[PDB]
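Here is the structure we will look at, set down as structure tokens.
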Amino acid sequence: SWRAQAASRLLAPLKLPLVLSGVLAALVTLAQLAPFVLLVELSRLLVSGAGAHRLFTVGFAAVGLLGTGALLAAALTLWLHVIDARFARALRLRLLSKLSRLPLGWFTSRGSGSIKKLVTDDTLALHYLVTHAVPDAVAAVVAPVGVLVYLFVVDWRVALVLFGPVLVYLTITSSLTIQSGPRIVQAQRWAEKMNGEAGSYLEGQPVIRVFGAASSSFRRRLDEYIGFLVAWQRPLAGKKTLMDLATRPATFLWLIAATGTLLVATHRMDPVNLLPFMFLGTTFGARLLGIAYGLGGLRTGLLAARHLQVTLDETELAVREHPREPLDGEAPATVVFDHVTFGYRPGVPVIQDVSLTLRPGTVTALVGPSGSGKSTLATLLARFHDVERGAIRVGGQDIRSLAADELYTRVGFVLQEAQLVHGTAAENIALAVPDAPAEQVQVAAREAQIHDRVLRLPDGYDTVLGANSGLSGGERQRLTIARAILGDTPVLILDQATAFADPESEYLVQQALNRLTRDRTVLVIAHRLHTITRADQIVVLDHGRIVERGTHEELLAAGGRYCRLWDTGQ
Amino acid sequence: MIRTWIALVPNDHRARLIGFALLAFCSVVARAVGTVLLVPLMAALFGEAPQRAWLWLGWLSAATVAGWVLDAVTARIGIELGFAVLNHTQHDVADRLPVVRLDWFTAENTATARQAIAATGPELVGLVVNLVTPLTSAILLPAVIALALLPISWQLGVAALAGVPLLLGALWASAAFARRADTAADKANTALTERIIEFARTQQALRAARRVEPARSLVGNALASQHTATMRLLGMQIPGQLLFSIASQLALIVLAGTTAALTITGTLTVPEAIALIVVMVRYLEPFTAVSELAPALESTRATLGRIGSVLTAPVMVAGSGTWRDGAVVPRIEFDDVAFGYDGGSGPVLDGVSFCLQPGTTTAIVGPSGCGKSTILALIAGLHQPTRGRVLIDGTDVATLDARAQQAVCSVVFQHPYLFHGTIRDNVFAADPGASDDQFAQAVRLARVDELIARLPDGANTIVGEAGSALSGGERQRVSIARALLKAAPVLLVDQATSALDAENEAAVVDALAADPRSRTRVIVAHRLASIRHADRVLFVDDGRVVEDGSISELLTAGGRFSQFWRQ
Ligand SMILES: Nc1ncnc2c1ncn2[C@@H]1O[C@H](COP(=O)(O)OP(=O)(O)OP(=O)(O)O)[C@@H](O)[C@H]1O
Ligand SMILES: Nc1ncnc2c1ncn2[C@@H]1O[C@H](COP(=O)(O)OP(=O)(O)OP(=O)(O)O)[C@@H](O)[C@H]1O
Ligand SMILES: [Mg+2]
Ligand SMILES: [Mg+2]
Ligand SMILES: [Mg+2]
């Protein structure tokens, strides 16, 4: 596609440094074309005489102009690569500031290999289109058109032969932009498809070493990528070579030498009129070839610019959507669900009409079968998903009107999959509060019963952990329980947090969490029903709807759905 | 690019690789001869009779046609050497990766592998033409033009030989000025892509810790450093361009001085010097052709360095033994094993010895971080011990063929990782040539049949990147179903119940312990109702097996196991 819409709204702040680099690239190519109009006046001057005082100043004015035109041509392709390295950053800094507020459903559909591509290899695919696209298209129009105009007035007969290569070039370059135009979009579906395979082939390495047949889907999406590159570059490099053999300065120098030795041998021409050809009819080939070899990049920069603008127009999580008012009924740090309805796919719902409310200083349980909307409830409380019906009001105000920088300073979260960033052991505990001086990280680690272990790493609290390069899974979540103890919040939402903890090191972590949160609001999702026997309110939740709520001594002693989820395990 | 790229091409192509460097030398020789044949032509096209320039146009036409043919042939043989290096190296990397030691994949040895298997694309099928063909052609052209100028007069031959050391030195100094800034820009780009992948992967934690805005993101700093590195690279690249311009200018001055001197003294006529001017323009063109190819040269240097670093990784040890028709419900046994991790504290295990009976369930309980998921990884074979021996059915596991020792275990990992696809694809990833009877058996034992009958497009639902399109319990049950669908006569189950609720875990435990296929099962557990069946418990603590025995007698003698659950 040759459309520019959504590719002219994106790269619109470079409005002027493209009209100014078009008059500064059709003025530089007139300075790299000046030495050869002087080598032509000197060549027709040697033949006649012109005592050395005149040959000095046309020979020295053609070896200085070469240097000058080669110097003020690298001063423009350096000013262009600077205002592009400065624009790629200003653009890919708007990308990861825009998709830092898209709903998490936008992340779990692209993956991590199609998001890395979008940011790195899509703002890098606009190079050619930005820097060297207008100069190459404004030089290949003023050098050939004009070096072929000046040559039709010296001799139309010989200059009529130089259209031979120009006509063969125009067909080989027109049967190329036609032939390879589905394979410029078909090759962007393979880049973001091989990035995903590369991501899932290095991370899931312990699985490929046991089952083996899991690498089948990678080794079969690779013989196809190779088979697609093979029959994409095979017929393209031949047409990129037949396009250089016709545009080469050794072809014009033979055509001229062959058609001028026909007009001078038959006395039709004078050999002194060939001189304007030998030095000028060989220049415009470079410009023609440069604009021809740069249509693939020019068309890839229009797909990249269209993928980058359909993303910068997405619907994000607005921070004023609908508040009632900040007051009238609920104290600070009390959460309230009312008639909440949500579903990840438009058709199917996940949670259906849950009411529920958490009091300022009490503990709630949120128990229930697996796959029954509990992590989803916590997630849409964290404002990751923007529920579809009903409201959520933490502290009296809808969470759709909190700045997402005042929301996460009220609610704290210990997620169900303990993920930690690539930093030291103290840049993973002080992640919410990066500046806990040094003896608050130690107190947080002391409360989460991980201080003695972290003080055993190769170099203590300064050991770079990264993605599972230390800290066995049972104690890489006690480092995320400390990350939420440090940076205390008036309401803490604990997910399944003691899943990987033994029942001697979970009795201490859940005892140093009963002393801290004596006035906080807690919601502790749990599957071990014996840890939460002493909660203030247990709420069963199966198939996305509350079915039972009480104090567990009313639950196991009146009714079911809990007296047959607790009796299966005693 | 040379002696590095030559190492990538296979040997069956080392019969048409030394026949490709000949058709390029003949190509540049034809180009140089066609360029030089203009001086005898223009000298007879200006003379008394210009009709004796016909015998000098036949030769120019011959040279031009030969140049056309040779360039087309070397552009056709070029891509056939890219389609044979890309294929070879990609397949070699894909086959090498599942054998590299698990302690090789650090945080920086993983970005390298990911770039090797993800970035290397049209720049491996297009360096054999794009990079090396014009580069060697432009390097060779001035010297051959000088050797062809020698017959006209030797002064110009020795004046144009003096030009090629200038071009070589300009190339060397241009590549040596920017080299540090270039490798720094490469490191910055790699760090930026790694930070971007981390930001896209662990996004909920970053959001809940409000570290997502680029003012405080961990990726904003990487982007800033990447920008400064690229600006420094742009600034350091220009001395190379100025030096190339200076080399061009002074070589042109030497050639023009020799030509003017030889014209004045009386050797060359005036018709000849005019053709020599065109010859020297053609001579100067390679100088401006190499300036473009230098940066691409450094880029392909970096790419091939990455590929080679991946291809020269330390592989895991493996002997040559095999099995007797697989195993036959084997007996695992540790023989004074001791294993410490590569980067970390001292040894996890040190001299742990025990013998597991064949066809018996065995539990491994203990405190957190006390060496259990490392005992399972030593049994499986994912880690070689640093002292001692692991004997499955008597045969040391490290004296077995690499493909005959990954078929005696089916592991359920602590952190389940499913691949991108549907549910049935992941379940069939263990045994792809399975029927529907064994598939239904596996999926029913792991309580995934109700999960499938409870989903809109069950057995075809996408499962996200790892399991992100599934709950923590559904992903774990899919992993259990996958691990049960394999004929390995050893079932290493890890925690594998942490996420299942009270009535899913009881069903899964009963079904897993009521398997029709006889196996040697090993269970690691933190819950008490999760073993309930194992006839032998191993209470590992800090790396030592404090005590073992049956559950019916460990809780009647006051020890670690008795009071490990009362409180
Ligand atoms: N990113 C997603 N896209 C689509 N569907 C999802 C996504 N995440 C979860 N689901 C679906 O929503 C349902 C609710 O799952 P949820 O994560 O709430 O389970 P849960 O009750 O927390 O489970 P457990 O307690 O066992 O961890 C699940 O059946 C799951 O299939
Ligand atoms: N990838 C790794 N690199 C370096 N050290 C590690 C790595 N994984 C674990 N360790 C260390 O080795 C020791 C043994 O860890 P292991 O995985 O056996 O713990 P675990 O018994 O699985 O813990 P849990 O039972 O709580 O999951 C741990 O103390 C841990 O700190
Ligand atoms: Mg560039
Ligand atoms: Mg959950
Ligand atoms: Mg473990």
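We read in the header that electron microscopy, 3.1 Å was used to get this structure.
Cβ from N, Cα, C; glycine included.
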B:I2 vs B:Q237, same side of the membrane according to Swiss-Prot: yes
Which range of B:116-136, B:137-157 is transmembrane segment, per Swiss-Prot: B:116-136
Structural state census, the topological domain 'Cytoplasmic' (B:180-237) (DSSP three-state): 48 helix, 0 strand, 10 coil
Long-range neighbours of the topological domain 'Cytoplasmic' (B:1-16), counting only residues six or more past its ends (CB under 8 A): 77, 80-81, 84-85, 88-89, 127, 131-132, 297, 300-301, 304-305, 307-308
Protein Cβ atoms within 10 Å of B:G371 (ATP binding site), excluding its own: 24
CB within-chain contacts under 8 A for B:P367 (ATP binding site), separation at least 6: B:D541, B:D542
Candidates near ligand 5 among the binding-site residues B:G366, B:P367, B:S368, B:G369, B:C370, B:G371, judged by a Cβ under 6 angstroms: none
Same-chain residues at least 6 beyond the ends of the topological domain 'Periplasmic' (B:38-52) whose Cβ lies under 8 Å from its Cβ atoms: 60, 152, 269, 271-272, 274-276, 278-279
